[PDB]
Structure formats: structure tokens, C-alpha cells
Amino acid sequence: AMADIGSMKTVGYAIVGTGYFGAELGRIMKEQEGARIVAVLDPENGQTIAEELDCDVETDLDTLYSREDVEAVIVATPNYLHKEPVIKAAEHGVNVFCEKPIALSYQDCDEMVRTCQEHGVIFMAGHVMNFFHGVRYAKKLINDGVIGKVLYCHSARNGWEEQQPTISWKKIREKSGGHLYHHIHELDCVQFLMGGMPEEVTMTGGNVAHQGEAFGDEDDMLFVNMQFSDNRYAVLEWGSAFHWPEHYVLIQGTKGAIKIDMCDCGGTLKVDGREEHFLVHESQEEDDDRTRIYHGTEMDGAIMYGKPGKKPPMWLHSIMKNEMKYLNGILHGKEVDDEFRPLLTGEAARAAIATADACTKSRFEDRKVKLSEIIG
């Protein structure tokens, strides 16, 4: 509207990593008012996406970020290649949006957050599950006291992956971190719901059914047992060797419970002997579409993993728009909502990777691990 003048500067975005997710974030951000995609860097797919978005290609991160028209960057490289794009952005005074998992070590994540703070640039952690209607609603119910004190969260993200003709980087521990880091969404969600990191974790599991030359080396079953301060608990399950598919977050408090189901897609509140239902995504059509995708891909979860040339489904495209609108607002000086502030302070980024590192160490060293061992 006419009243927007004063607030509608064009923010120039770079995209580093324009595959499945980076190309689609670029498509979405290009459509946002006051945003332009000026340049992309992606050795394999940059030329193709630059032609689609009508923007430039760069090949060197310092050259890209030295451009006067590059003010912000969306970092959507593979999980193991987030650090250099973020560090060099901060060194050039470029504002950062970074895909999950922020990094595959706490040291990397800590350095990325710290370097952005030292250079006075924004660092937004792309923990997109926080934008789900169902998650926002669960947090509101908790804040409103509807389920009393949260005692216990149980998450699962369990399916069956068939042998593929090729092994994606997403299946290789050194490149993806495996399920715990690639699917860190659930861990971050539980930490948001329970008010931070646990004190101590145990993780068990292994590669039970995907060992050999035709498979990646990631664990295909992971089971986390978290002990929080003040006598509270969480159980988190992941993997790719489960012929009983489950994907949900279950929240149990002194007065009620909340389930966010992403397989039979929908939210349930139990309180005082009644049930209420709520949407996980932004419409019944989005929830029902997600249900159809899970039912259609039951015999092989590998089909849900993005790769260059593929497009995110309806529910994911829709929340990516919400998240890119939120980022664009922050970069046009809209005040950070309390609810999402931990995605900008570094607190959620550090907490997610600290706990993931503690779980990893617990599983590989076969012992309980205190978060203090990771964070100091």
C-alpha cells in the first residue's frame, strides 16, 4: 500500500546452495516485496537456477559477498558445508539465514553464531518446524497453562528406506550427520517445548539393516533418552529401518496432552476428558496432502528426500513462504517476535547442535553424556 513507503527498500539476497531447497527458497524470496535475488553460488546447479531467477552467478564466496548489491545470504548447501558460507558472509557484513542443521559440530555452530555477533550481522537459524501452525498452537496451549507443566515429550520420525541405485550425500554421516542432524527438527521442537537443553542424554542404536556397499553409513535406528532439570524427560526416536511408520511429537503435562502427528496429519489436545483437533499446517488441504504423501511412500521413505530438480510438496512450500516472509521482515526492520527470537539470538542453534553432539558422543562412547561436556 502507499503507506509502505519508507519501509520498502529492496534487500539484495545471495543464495549459496541452489539445489532442492535453495532453488525453492530463491523462487519464494524473489516473489516477496522488497526482496531481490542478485546472485547465486552453486558449482553444479548455479547456472541453471540463475537463468530461472534472472540473476548472476558467482563462483567465489569472498567475490560474491564483496558485491555492494549482496546484503543478505540464504545458505542452503549440504549439512557439512554451512560453515564457510556463514563465516565469510559475516566477515563481509552480510546478514545470514542458515538451513538446518546449522552445522555438524557444536564448535562449528558456536563459531558461526559468535562470528555473526562479532560482525553485527543477523544470523537466523532455519528451524522451519517452529513456523508450523500446529507447533505455534502447541506453544500457545502450553503458555496458556492448558496442559499444566510439561513433564514428558516423545518424538518419532521412523520409516523404511529401500536400497537406492545411488547413495545421496543425505545418507552419509560425514555429509549429513545422519538422521539426528538431518532431521534435527524434532530435537529442536522438544527443546523449544521443554524450555532448552536437557542436563544429560543417552542415545542407543546403530546400522541394523542398511550395512554394506549399496547403503550410506548413517545409523538407521536411533533412540534418545533425555533427562531435563526439575524431574522432566523426553524420548526421541529416528530412522530408516522401521516397517511401522511414525512421525509425531507428543507433549504430556500435569493437566493434559498434545499430539502433533505428521503421518496421519493432525493435532490433538486431550484435557479434562475431552479431545480437540487442530491443523498441523496452514489448511486442511495441506494436512490431507501430507497424509497422502506418507501413505504413498510407506514402503520407501527415500522418496521424500529432496534432490536438485525436485520441488517441495504443498505443506513445505507453504511454510517456506512463511519463513522467508519472516526473514524478509527482519531485514526490513520489523521487530523480532518473542516466539521466534531464539532463532535470531543463537540460543536455539547452539542448543540443537550441543544436544545432537551429546547424543552422538553418548551413542559412539556407549555412555550417558552431560550437556556440560559439550558446552563447557
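In this text, residue numbers run from 1 along the sequence as written.
K.L.:
Where do the C-alpha atoms have the higher mean temperature factor in this entry, in 168 to 176 or in 132 to 140?
P.N.:
For C-alpha atoms only, the mean B-factor is higher in 168 to 176.
K.L.:
As stated in the PDB record, which stretch has the larger average Cα B-factor, 202 to 210 or 272 to 280?
P.N.:
Taking the mean B-factor of the alpha carbons in each, 272 to 280 is higher.
K.L.:
Going by the CA temperature factor in the entry, name the top one among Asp300, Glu237, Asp264, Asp110.
P.N.:
Each of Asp300, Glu237, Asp264, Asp110 was compared by C-alpha B-factor; the highest is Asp264.
K.L.:
Using the entry's values, work out which of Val224, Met304, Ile147, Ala241 has the largest Cα B factor.
P.N.:
Most elevated C-alpha B-factor of the set, per the entry: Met304.
K.L.:
For the chain shown, is the CA B-factor of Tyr106 in the lowest, middle or highest third of its modelled residues?
P.N.:
As the PDB entry reports it, the C-alpha B-factor of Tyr106 lands in the middle third of its chain.
K.L.:
Name the third of the chain's ranked CA B-factors that contains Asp220, choosing lowest, middle or highest.
P.N.:
As the PDB entry reports it, the C-alpha B-factor of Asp220 lands in the lowest third of its chain.
K.L.:
Using the temperature factors of the C-alpha atoms in this entry, rank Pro342 within its chain: lowest, middle or highest third.
P.N.:
Middle third by C-alpha B-factor.
K.L.:
Could you look up the Cα B-factor of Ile258 in the entry and say which third of the chain it sits in: lowest, middle or highest?
P.N.:
Lowest third, going by the recorded CA B-factors of the chain.
K.L.:
Using the B-factor values recorded in the entry, state whether the Cα atom of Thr115 falls in the lowest, middle or highest third among the modelled residues of its chain.
P.N.:
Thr115: CA B-factor falls in the middle third of its chain.
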